[PDB]
Amino acid sequence: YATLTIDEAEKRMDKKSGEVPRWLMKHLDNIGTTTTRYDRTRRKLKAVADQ
Amino acid sequence: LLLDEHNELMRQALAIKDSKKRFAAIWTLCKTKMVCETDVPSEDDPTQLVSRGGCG
Amino acid sequence: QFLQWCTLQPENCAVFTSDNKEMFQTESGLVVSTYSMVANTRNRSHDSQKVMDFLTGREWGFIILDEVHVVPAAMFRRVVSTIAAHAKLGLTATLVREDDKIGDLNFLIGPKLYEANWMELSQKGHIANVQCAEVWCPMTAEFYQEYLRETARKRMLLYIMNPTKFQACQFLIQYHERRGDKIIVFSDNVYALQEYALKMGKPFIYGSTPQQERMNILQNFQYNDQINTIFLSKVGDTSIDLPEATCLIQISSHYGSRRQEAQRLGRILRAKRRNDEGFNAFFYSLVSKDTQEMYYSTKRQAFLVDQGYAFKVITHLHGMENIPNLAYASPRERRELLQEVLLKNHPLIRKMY
Amino acid sequence: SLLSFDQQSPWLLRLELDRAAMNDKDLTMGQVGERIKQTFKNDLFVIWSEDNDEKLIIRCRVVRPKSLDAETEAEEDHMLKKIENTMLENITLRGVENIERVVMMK
Amino acid sequence: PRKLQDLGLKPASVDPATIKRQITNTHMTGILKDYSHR
Ligand SMILES: [Mg+2]
Ligand SMILES: [Zn+2]
């Protein structure tokens, strides 16, 4: 499920906001950050097959 | 003394008779000042400043 | 200027304007303010409320009514009554106004003491010479058609933005700029001022301009060689010192007033280089031909004619054709401008919002 | 039927009250309802059943403003919990503060 | 210095306590040069 990073997790734990958004993962997924190895590898593989 | 008689608050503090309560009053006012105030506003009006013994 | 010419110490001098409202506590002092800052009656600021009492309580000895042509107006005369003074003086270049209130000055501050000729000082080197001119720009046919049908209120804007004026101004500006002359362009209409300024890429000043910005513009226009021309409006019509200004142009006007014409001309009458041999200032008046502007133009320049200034009609501006580019030179631009000008007329619920 | 509501939030807050508890202190749904309605003057619309009803229930809905908030949807239920907790603690239905109970004696 | 001054000798120094340690028309964004003073 595309876990976050240590720096991102620590920042969220701090008082950046009253509570983490219920759909924070969904919002970051659209931005493209915090992906998975499967997705990370698939895009790279497709980037080569295209050429 | 950081605060002289030119301050209205001090005039009340200096009017306290007993030393113990008078000492407490002076400390509460003087402890919060972080400058010697070589020049202090004149009591007649705040336009001109009256020279007071200080070092800045 | 007050401090420069007299020996009054700055401590005894106090300024009363919108920025600062403190008043001198000295026994005797001078207060320089504006009538609007003292003639107001209904509402005043807490800082100004004390100042109003400060002015009224004390008995002043002398009152100087600068630009005394506006003291007989609706309410500025209240300062003369509310403020106590044993002597009153009036200072104005033009002692004329549309209504009959000009004569009210006789019993308000007294009669007229002294007057000075204009041409006499010009020949003595005290003031510069002016080559007054009046350019008759025939409005283009397309705009003239709308001029006939359009109502009077909208008619003014139509002939003030005619393409011919734009082209004439551009040629004159370039020709005068090549001559190293400082040009001032007056325009009572704010919309025209902005359109002219943005089109020509030059600074403009009018009512909305703040005090800080305009002061920087004025200083830059005086000593900065890069900025040789500006675009002033009715705000700078009078009482602003421009020792460097030499040339003056106007595109719009406030109907038939004979004082604004003289007041506007005064911007170039105090030029620094008013004694060098052969120097002659210039005053150009762009008026659309075959329009009501002639009725106002011939009526709004009657006072200067009495003083001695003579306007020269310029039917042709030589070399205008040879200029590389002129605004609205093609019909396409004229049509686009025609339509453009024509179209002008629960504390916890706080998180919810 | 006896009777704005277009923008009312679909979420609902339901409070169940005990008749045996509400008759120990002489109160009626009229005074408590207006007490809630006056705590938040007009923010939320509420309806209360009459005493004759077998069960006493008050249904509350918070009306969203004209502007639509998309970020508040995730915390929409959370906000209801926030007001629900406050509506239970900081609401003075009647009486003087710091008076937990009173007993009559002869 | 006070003791020497009491003796009447010139004190070639002073008490350190006496050392008093002492917008419209935005179409010309950058053309305007700040001629604030003359
Ligand atoms: Mg003047
Ligand atoms: Zn000190």
# chains A, B, ... in the order shown; residues from 1 in each chain; ligands from 1
call {"tool": "residues_near_ligand", "arguments": {"ligand": "ligand 2", "cutoff": "8 Å", "atoms": "only C-alpha atoms and all ligand atoms", "output": "number ranges by chain"}}
result
B: 2, 35-38, 53-56; E: 17
call {"tool": "residues_near_ligand", "arguments": {"ligand": "ligand 1", "cutoff": "12 Å", "atoms": "only C-alpha atoms and all ligand atoms", "output": "count of residues only"}}
result
23
call {"tool": "residues_around", "arguments": {"residues": "residue 23 (chain A)", "least_positions_apart": "4", "cutoff": "10 Å", "atoms": "only C-alpha atoms", "output": "compact mmCIF listing (two decimals) with C-alpha atoms, in the first residue's frame"}}
result
# COMPACT_ATOMS: atom_id res chain seq x y z
CA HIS A 27 -4.22 12.73 -2.17
CA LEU A 28 -0.49 11.94 -2.26
CA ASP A 29 -1.10 9.05 -4.67
CA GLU D 71 -11.94 18.99 2.47
CA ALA D 74 -13.37 13.65 5.36
CA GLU D 75 -13.72 15.22 8.83
call {"tool": "residues_around", "arguments": {"residues": "residue 90 (chain D)", "least_positions_apart": "5", "cutoff": "12 Å", "atoms": "only C-alpha atoms", "output": "ChimeraX atom specification"}}
result
/C:348 /D:36,39,82-85,97
call {"tool": "interface_residues", "arguments": {"of": "chain C", "to": "chain D", "cutoff": "9 Å", "atoms": "only C-alpha atoms", "output": "list in words"}}
result
residues 346, 347, 348, 349, 351, 352 and 353 of chain C
call {"tool": "write_last_selection", "arguments": {"atoms": "N, CA, C and O atoms", "output": "compact mmCIF listing (two decimals), in the first residue's frame"}}
result
# COMPACT_ATOMS: atom_id res chain seq x y z
N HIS C 346 -21.48 30.03 18.02
CA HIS C 346 -20.99 28.83 17.35
C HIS C 346 -19.47 28.87 17.18
O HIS C 346 -18.96 28.72 16.07
N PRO C 347 -18.75 29.07 18.28
CA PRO C 347 -17.28 29.15 18.18
C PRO C 347 -16.65 27.89 17.60
O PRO C 347 -15.66 27.98 16.87
N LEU C 348 -17.20 26.72 17.92
CA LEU C 348 -16.64 25.47 17.42
C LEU C 348 -16.93 25.26 15.94
O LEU C 348 -16.14 24.60 15.25
N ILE C 349 -18.04 25.81 15.44
CA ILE C 349 -18.40 25.66 14.03
C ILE C 349 -17.61 26.59 13.13
O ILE C 349 -17.78 26.55 11.90
N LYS C 351 -14.76 26.32 12.15
CA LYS C 351 -13.94 25.53 11.23
C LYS C 351 -14.66 25.30 9.91
O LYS C 351 -14.01 25.08 8.88
N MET C 352 -16.00 25.33 9.91
CA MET C 352 -16.74 25.13 8.67
C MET C 352 -16.41 26.22 7.65
O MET C 352 -16.22 25.93 6.47
N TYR C 353 -16.33 27.47 8.10
CA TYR C 353 -16.04 28.58 7.21
C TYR C 353 -15.49 29.77 7.99
O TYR C 353 -14.28 29.99 8.05
call {"tool": "select_by_dssp", "arguments": {"residues": "region 4-76 of chain D", "states": "helix (DSSP H, G or I)", "output": "PyMOL selection string"}}
result
chain D and resi 19-24+29-39+76
call {"tool": "atom_distance", "arguments": {"atom1": "CA of residue 62 (chain C)", "atom2": "CA of residue 80 (chain C)"}}
result
10.6 Å
call {"tool": "interface_residues", "arguments": {"of": "chain E", "to": "chain B", "cutoff": "9 Å", "atoms": "only C-alpha atoms", "output": "list in words"}}
result
residues 17, 18, 19, 20, 21 and 22 of chain E
call {"tool": "interface_residues", "arguments": {"of": "chain B", "to": "chain C", "cutoff": "12 Å", "atoms": "only C-alpha atoms", "output": "list in words"}}
result
residues 44, 45, 46, 47 and 48 of chain B
call {"tool": "select_by_dssp", "arguments": {"residues": "region 18-100 of chain D", "states": "strand (DSSP E or B)", "output": "PDB file with N, CA, C and O atoms, in the first residue's frame"}}
result
ATOM      1  N   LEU D  44     -27.533  25.151  13.419  1.00  0.00           N
ATOM      2  CA  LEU D  44     -28.033  23.796  13.230  1.00  0.00           C
ATOM      3  C   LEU D  44     -29.529  23.743  13.506  1.00  0.00           C
ATOM      4  O   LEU D  44     -30.020  24.367  14.452  1.00  0.00           O
ATOM      5  N   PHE D  45     -30.246  22.994  12.673  1.00  0.00           N
ATOM      6  CA  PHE D  45     -31.681  22.802  12.819  1.00  0.00           C
ATOM      7  C   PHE D  45     -31.948  21.475  13.518  1.00  0.00           C
ATOM      8  O   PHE D  45     -31.365  20.447  13.163  1.00  0.00           O
ATOM      9  N   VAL D  46     -32.830  21.505  14.514  1.00  0.00           N
ATOM     10  CA  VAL D  46     -33.122  20.339  15.334  1.00  0.00           C
ATOM     11  C   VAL D  46     -34.628  20.169  15.451  1.00  0.00           C
ATOM     12  O   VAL D  46     -35.395  21.131  15.333  1.00  0.00           O
ATOM     13  N   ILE D  47     -35.051  18.930  15.687  1.00  0.00           N
ATOM     14  CA  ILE D  47     -36.450  18.594  15.911  1.00  0.00           C
ATOM     15  C   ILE D  47     -36.528  17.618  17.076  1.00  0.00           C
ATOM     16  O   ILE D  47     -35.686  16.723  17.206  1.00  0.00           O
ATOM     17  N   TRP D  48     -37.537  17.795  17.925  1.00  0.00           N
ATOM     18  CA  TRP D  48     -37.701  16.998  19.132  1.00  0.00           C
ATOM     19  C   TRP D  48     -39.097  16.397  19.166  1.00  0.00           C
ATOM     20  O   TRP D  48     -40.079  17.066  18.831  1.00  0.00           O
ATOM     21  N   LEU D  56     -38.296   9.264  23.426  1.00  0.00           N
ATOM     22  CA  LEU D  56     -37.957  10.667  23.232  1.00  0.00           C
ATOM     23  C   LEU D  56     -36.623  10.756  22.504  1.00  0.00           C
ATOM     24  O   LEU D  56     -35.603  10.273  23.008  1.00  0.00           O
ATOM     25  N   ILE D  57     -36.634  11.370  21.324  1.00  0.00           N
ATOM     26  CA  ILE D  57     -35.450  11.477  20.481  1.00  0.00           C
ATOM     27  C   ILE D  57     -35.406  12.869  19.869  1.00  0.00           C
ATOM     28  O   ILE D  57     -36.443  13.425  19.491  1.00  0.00           O
ATOM     29  N   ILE D  58     -34.205  13.433  19.778  1.00  0.00           N
ATOM     30  CA  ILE D  58     -33.971  14.708  19.111  1.00  0.00           C
ATOM     31  C   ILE D  58     -33.016  14.466  17.952  1.00  0.00           C
ATOM     32  O   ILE D  58     -31.934  13.899  18.140  1.00  0.00           O
ATOM     33  N   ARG D  59     -33.418  14.898  16.761  1.00  0.00           N
ATOM     34  CA  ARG D  59     -32.629  14.736  15.548  1.00  0.00           C
ATOM     35  C   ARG D  59     -32.042  16.084  15.155  1.00  0.00           C
ATOM     36  O   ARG D  59     -32.777  17.066  15.010  1.00  0.00           O
ATOM     37  N   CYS D  60     -30.723  16.127  14.988  1.00  0.00           N
ATOM     38  CA  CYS D  60     -30.003  17.361  14.709  1.00  0.00           C
ATOM     39  C   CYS D  60     -29.234  17.231  13.402  1.00  0.00           C
ATOM     40  O   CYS D  60     -28.629  16.191  13.127  1.00  0.00           O
ATOM     41  N   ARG D  61     -29.265  18.293  12.600  1.00  0.00           N
ATOM     42  CA  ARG D  61     -28.533  18.346  11.342  1.00  0.00           C
ATOM     43  C   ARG D  61     -27.838  19.693  11.231  1.00  0.00           C
ATOM     44  O   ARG D  61     -28.461  20.735  11.453  1.00  0.00           O
ATOM     45  N   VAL D  62     -26.554  19.667  10.889  1.00  0.00           N
ATOM     46  CA  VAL D  62     -25.797  20.895  10.675  1.00  0.00           C
ATOM     47  C   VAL D  62     -25.900  21.283   9.206  1.00  0.00           C
ATOM     48  O   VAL D  62     -25.631  20.469   8.315  1.00  0.00           O
ATOM     49  N   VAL D  63     -26.298  22.524   8.950  1.00  0.00           N
ATOM     50  CA  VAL D  63     -26.489  23.013   7.590  1.00  0.00           C
ATOM     51  C   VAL D  63     -25.176  23.603   7.091  1.00  0.00           C
ATOM     52  O   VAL D  63     -24.575  24.458   7.752  1.00  0.00           O
TER      53      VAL D  63
END
call {"tool": "interface_residues", "arguments": {"of": "chain E", "to": "chain C", "cutoff": "8 Å", "atoms": "only C-alpha atoms", "output": "mmCIF file with C-alpha atoms, in the first residue's frame"}}
result
data_model
loop_
_atom_site.group_PDB
_atom_site.id
_atom_site.type_symbol
_atom_site.label_atom_id
_atom_site.label_comp_id
_atom_site.auth_asym_id
_atom_site.auth_seq_id
_atom_site.Cartn_x
_atom_site.Cartn_y
_atom_site.Cartn_z
ATOM 1 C CA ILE E 23 0.844 51.056 -5.526
ATOM 2 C CA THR E 24 -0.696 52.405 -8.727
ATOM 3 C CA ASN E 25 0.842 52.842 -12.201
ATOM 4 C CA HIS E 27 3.614 49.421 -15.571
ATOM 5 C CA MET E 28 7.109 50.781 -14.756
ATOM 6 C CA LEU E 32 11.990 54.235 -11.376
ATOM 7 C CA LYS E 33 15.283 54.907 -9.601
ATOM 8 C CA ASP E 34 15.045 55.929 -5.951
ATOM 9 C CA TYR E 35 16.084 59.598 -5.911
ATOM 10 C CA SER E 36 14.875 60.006 -2.342
ATOM 11 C CA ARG E 38 18.221 65.317 -4.126
#
call {"tool": "decode", "arguments": {"residues": "region 18-30 of chain B", "atoms": "N, CA, C and O atoms", "output": "short mmCIF file (atom, residue, chain, number, x, y, z; two decimals), in the first residue's frame"}}
result
data_model
loop_
_atom_site.label_atom_id
_atom_site.label_comp_id
_atom_site.auth_asym_id
_atom_site.auth_seq_id
_atom_site.Cartn_x
_atom_site.Cartn_y
_atom_site.Cartn_z
N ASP B 18 6.30 50.19 54.20
CA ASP B 18 7.08 49.04 54.65
C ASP B 18 8.09 48.63 53.59
O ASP B 18 7.79 48.59 52.39
N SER B 19 9.31 48.32 54.05
CA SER B 19 10.39 47.99 53.12
C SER B 19 10.09 46.71 52.35
O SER B 19 10.33 46.64 51.14
N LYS B 20 9.56 45.69 53.02
CA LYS B 20 9.39 44.39 52.38
C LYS B 20 8.47 44.48 51.17
O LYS B 20 8.82 44.05 50.07
N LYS B 21 7.27 45.05 51.35
CA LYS B 21 6.35 45.19 50.22
C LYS B 21 6.86 46.20 49.21
O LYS B 21 6.67 46.02 48.00
N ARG B 22 7.51 47.27 49.68
CA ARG B 22 8.11 48.23 48.75
C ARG B 22 9.18 47.57 47.90
O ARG B 22 9.25 47.80 46.68
N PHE B 23 10.02 46.73 48.51
CA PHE B 23 11.05 46.03 47.75
C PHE B 23 10.43 45.14 46.68
O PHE B 23 10.92 45.09 45.54
N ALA B 24 9.36 44.42 47.02
CA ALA B 24 8.70 43.57 46.04
C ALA B 24 8.15 44.39 44.88
O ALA B 24 8.24 43.98 43.72
N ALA B 25 7.57 45.56 45.18
CA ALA B 25 7.00 46.39 44.12
C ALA B 25 8.08 46.86 43.15
O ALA B 25 7.88 46.83 41.93
N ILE B 26 9.23 47.29 43.67
CA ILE B 26 10.29 47.79 42.80
C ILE B 26 10.82 46.67 41.91
O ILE B 26 11.08 46.88 40.72
N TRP B 27 11.00 45.47 42.47
CA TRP B 27 11.54 44.37 41.69
C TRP B 27 10.63 44.02 40.52
O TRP B 27 11.10 43.76 39.40
N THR B 28 9.32 44.00 40.76
CA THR B 28 8.39 43.62 39.70
C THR B 28 8.45 44.58 38.52
O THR B 28 8.24 44.17 37.37
N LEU B 29 8.75 45.85 38.78
CA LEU B 29 8.80 46.84 37.70
C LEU B 29 10.18 46.89 37.06
O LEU B 29 10.30 46.93 35.83
N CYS B 30 11.24 46.90 37.88
CA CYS B 30 12.59 47.08 37.36
C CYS B 30 13.11 45.84 36.65
O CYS B 30 13.92 45.96 35.72
#
